[PDB]
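First up is the structure itself, then whatever we jot down about it.
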Amino acid sequence: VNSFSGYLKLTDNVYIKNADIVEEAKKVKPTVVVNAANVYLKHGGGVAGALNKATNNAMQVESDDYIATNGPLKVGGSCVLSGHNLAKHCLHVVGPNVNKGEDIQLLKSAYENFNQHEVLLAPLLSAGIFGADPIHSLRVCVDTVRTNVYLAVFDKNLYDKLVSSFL
Ligand SMILES: Cn1cc(C[C@@H](CO)Nc2ncnc3[nH]ccc23)cn1
Ligand SMILES: [Cl-]
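Sequential numbering of the sequence shown, starting at 1025, is according to full-length UniProt numbering.
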């Protein structure tokens, strides 16, 4: 039993809700919140910009030190950093950005990072400003993640489309 509330159950392990991931994280304080990161951990917009703003830029400060030490992530890769005031940990995961010409096949590799964590609050990878089809992202999530994932979909219209079309 966990403290996630109001989610629709899609499969044994995948749940979904129309919610602002920032507000969800502040309420639940999950062990792991997933960020829709880029390889530079530059948290400018989309989910990343919103999470970082909610940390008063502490996420960006920590991320800049991470990059200075380790260099950029790989597309499809991840790193674990602090969750600041939002969660215990933040799993920064880089899905392919279609608006940069990146290989959508890397979406499965991106979701595989979730399997290293028993429970996560997460967005749909590569959706939104990353330019991929969110229906596809949900399908890859369900077919790749085996741990317990609570998906927050900000756009209510998109949420209804995702539920109604789910196979
Ligand atoms: C129509 N539309 C698609 C998306 C993409 C989605 C991630 O896939 N973004 C977010 N998801 C959850 N919480 C969030 N907070 C801030 C952004 C955000 C947003 N709008
Ligand atoms: Cl977005």
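Beta carbons: idealized from backbone N, C-alpha and C, even for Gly.
Report yes if the CB atom of residue i is closer than 8 Å to the CB atom of residue j, and no otherwise.
i: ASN1059; j: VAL1117; result: yes
i: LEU1131; j: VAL1164; result: yes
i: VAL1166; j: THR1035; result: yes
i: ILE1128; j: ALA1156; result: yes
i: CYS1114; j: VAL1057; result: yes
i: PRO1158; j: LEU1175; result: no
i: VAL1071; j: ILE1045; result: yes
i: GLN1084; j: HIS1108; result: no
i: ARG1170; j: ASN1026; result: no
i: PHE1154; j: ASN1181; result: no
Is residue i buried or exposed, if buried means 16 or more other CB atoms sit within 10 Å of its CB?
i: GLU1142; result: exposed
i: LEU1191; result: exposed
i: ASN1062; result: buried
i: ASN1076; result: buried
i: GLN1140; result: exposed
i: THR1079; result: buried
i: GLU1126; result: buried
i: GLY1030; result: exposed
i: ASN1123; result: exposed
i: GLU1048; result: buried
i: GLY1119; result: buried
i: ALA1082; result: exposed
i: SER1188; result: exposed
Can you tell me whether DSSP reads residue i as helix, strand or coil?
i: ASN1059; result: strand
i: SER1102; result: strand
i: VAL1164; result: helix
i: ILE1040; result: strand
i: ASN1109; result: coil
i: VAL1046; result: helix
i: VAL1025; result: coil
i: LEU1032; result: strand
i: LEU1115; result: strand
i: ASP1179; result: coil
i: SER1189; result: coil
i: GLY1070; result: helix
i: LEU1075; result: helix
Name the DSSP beta bridge partners of residue i, please?
i: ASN1081; result: None; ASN1081 has no bridge partner.
i: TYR1174; result: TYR1039, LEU1145
Does the CB of residue i have a neighbour CB from chain C at under 8 Å?
i: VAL1046; result: Here there is only one protein chain, and chain C is not present.
Taking only runs that begin and end inside the stretch 1117-1159, name each unbroken alpha helix (DSSP H) of 4 or more residues, in chain order. 1130-1136
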